[PDB]
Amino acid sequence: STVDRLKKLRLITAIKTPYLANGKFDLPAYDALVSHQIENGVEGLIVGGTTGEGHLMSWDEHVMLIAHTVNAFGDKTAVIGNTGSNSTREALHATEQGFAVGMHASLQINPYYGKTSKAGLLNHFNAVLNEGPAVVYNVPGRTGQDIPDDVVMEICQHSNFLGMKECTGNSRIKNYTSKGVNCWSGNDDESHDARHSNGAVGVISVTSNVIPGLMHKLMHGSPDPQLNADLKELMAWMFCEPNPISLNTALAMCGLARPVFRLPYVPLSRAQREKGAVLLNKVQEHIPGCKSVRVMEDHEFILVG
């Protein structure tokens, strides 16, 4: 029942984690961002995902953020803690504590960097799936390892399997969905076509942080190729440096988060922010709480490490 409901969510935001000047979490900024997400049709949140810089958190601040999100918003949105890890003990510890504070599901990446065998992946994934509902996250461009079809076709039969957050493209998604494997696209620039032509239930999105109502439009009803085309340049700019560099820069430019980065992330250059401001200005009415888009000066940004 909880499984069945979560499987049908079409718009999940991998929520940005905003920071105070000293690098600690800015919960007022986080809460304002989440409220705007929910008012614009976002049905769930990945807390401390790649976009949310989960890998730059200590576990105690991450479980705090998950707990806080459940307590403030868990009746209004699905709360999916990114509690996966390349260490099985670390994944199990974090995932168990995440469910203990009331998160609805986990996001579970395959072991990045410390790559394992097929047998290792089945052990790791079965163990985390036993803890509660899980989205399985495939992103070989980051992890160094593609989760193979054979693994997915086995673990998809687990009663806590929600689906894939698939980043290897719409052909991969089409093959999975044609065999009854539920998929979210992890790539904003592919998500419209994933949803409308390849059987994806929807998207786990970066760009929704900025324009949640427009990503909602892209995921519901008839294909909207005009909106998809109108968002193309913005979506490319969101990944001109690795995510979440553009997102972090964009939210600062829109007055929605402080210009504070945890290293090793640093902001986009002045020239890239100039290009970005034009793209953000075109959709400013759909950036909730945005009063104006500023290019910003290099000295405004604070690096914490």
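One rule holds for the numbers: they count along the sequence shown, beginning at 1.
Return whichever of 148-156 and 132-140 has the greater mean Cα B factor according to the PDB record.
Mean C-alpha B-factor is greater for 148-156.
Taking only the CA atoms, which stretch has the higher mean B-factor in the record, 68-76 or 121-129?
Stretch with the greater average CA B-factor: 68-76.
Criterion, highest CA B-factor; candidates, 186, 223, 114, 163:
Among 186, 223, 114, 163, the highest C-alpha B-factor in the entry belongs to 223.
Residue 269 - Cα temperature factor, lowest/middle/highest third of chain
Tercile = middle for this residue's CA B-factor.
Going by what the PDB entry lists, where does residue 34 fall on CA B-factor within its chain: lowest, middle or highest third?
It falls in the middle third of the chain.
C-alpha B factor of residue 57, ranked within the chain: lowest, middle or highest third?
According to the entry, residue 57 has a C-alpha B-factor in the chain's middle third.
Give the position of residue 13 by CA B-factor within its chain, expressed as the lowest, middle or highest third.
Ranked within chain, residue 13 CA B lands in the lowest tercile.
Record-listed C-alpha B factor of residue 240: chain third:
Its C-alpha B-factor, which the entry lists for residue 240, ranks in the highest third among residues of this chain.
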